[PDB]
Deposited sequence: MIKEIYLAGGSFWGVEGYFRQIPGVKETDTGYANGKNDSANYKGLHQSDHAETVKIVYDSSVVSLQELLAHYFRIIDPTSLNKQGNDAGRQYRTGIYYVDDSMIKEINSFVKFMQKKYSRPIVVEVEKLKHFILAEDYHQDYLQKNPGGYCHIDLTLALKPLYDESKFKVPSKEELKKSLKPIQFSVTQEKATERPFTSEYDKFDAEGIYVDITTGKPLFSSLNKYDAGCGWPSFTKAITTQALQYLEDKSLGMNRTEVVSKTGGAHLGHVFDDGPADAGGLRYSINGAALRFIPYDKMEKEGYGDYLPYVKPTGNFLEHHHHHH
């Protein structure tokens, strides 16, 4: 579904410049929200591509959530940090994520969470400012939007030969030879436990149990990727058809195919992925195995 969220993180020039580079974002607008108005960027996005969880993850990545009325050298009430909603269904998701982020800070997070009550659209001069004036001021490092959102230092790919002895034949065949496991053979087919599905070759998270559903086609099926940085798409005319191949962006390993016959309310996308290409990690064991940053993708309104 198309959704919208309002984020105030300092000078909206950099904030818009960052989020405009993120997949799933369909429209950005700079303005003044909630006199002493905060500089805010309106974010219109497709939840089937990028989740609210990832958007808030990006948001906290480019701000100091412990700083009051000041981001970088820009000080004042117009630079206060805040997350403003127009959709009341987002309230528990937003609150849970802030509580989630608090666990990473000794100092109390001062990002305000309020219902958007006014949003005054800025002049065309301020709209796509850094696009019109590339030499413009920008505290945020815009190149970060094209860089990993999470620590991927541990998700490096082994060579061809390590994988051949480490993986089972079906695992190597699927990931390294674009093979396809036979339907209903994977343990992850009829499976609904809470947790994340990880790249069996690199350990990088690819899918969440929250997006998993029964397509009845015999393969693990998902409505979306866990992040916008997980997958890459390739034209595939194999077997005399026209299909899109799904591959790990980091790994490069073959995962499966993505179709357009998924549940329409979830975006209409069906990610058909071989179970052999995935390693399931239970929610309870996620934090201990180093996947603490991916908890909100499993439980958007989870207890933190």
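Gaps without C-alpha coordinates occur at 35 to 47, 318 to 325, with positions taken along the deposited sequence from 1.
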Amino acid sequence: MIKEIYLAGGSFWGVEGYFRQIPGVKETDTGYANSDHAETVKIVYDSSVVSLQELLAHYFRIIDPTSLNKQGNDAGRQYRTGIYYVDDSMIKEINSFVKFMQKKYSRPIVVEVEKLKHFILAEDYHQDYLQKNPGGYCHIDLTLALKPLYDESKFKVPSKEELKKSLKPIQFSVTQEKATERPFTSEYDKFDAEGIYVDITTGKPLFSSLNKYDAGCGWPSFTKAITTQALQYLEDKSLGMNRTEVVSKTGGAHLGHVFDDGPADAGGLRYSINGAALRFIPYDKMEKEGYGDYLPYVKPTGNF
From here on, numbers count along this sequence of modelled residues.
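Taking the mean C-alpha B-factor of each stretch as recorded, 205 to 213 and 126 to 134 are not equal, and the higher mean is that of 126 to 134. In this entry, 153 to 161 has the higher mean Cα B-factor, the comparison being between 108 to 116 and 153 to 161. Per the deposited coordinates, the residue with the largest Cα temperature factor out of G267, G251, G256, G31 is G251.
Residues shown: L167, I94, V198, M101. Highest C-alpha temperature factor in the entry: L167. In this PDB entry, the Cα temperature factor of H139 sits in the top third of its chain's modelled residues, the highest group. In the deposited entry, the Cα temperature factor of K147 places it in the highest third of its chain's modelled residues. In the deposited entry, the Cα temperature factor of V247 sits in the middle third of values across the chain's modelled residues. Compared with the other modelled residues of the chain, the Cα B-factor recorded for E289 ranks in the highest third. Ranked within its chain, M241 lands in the highest third, by CA B factor from the PDB record.
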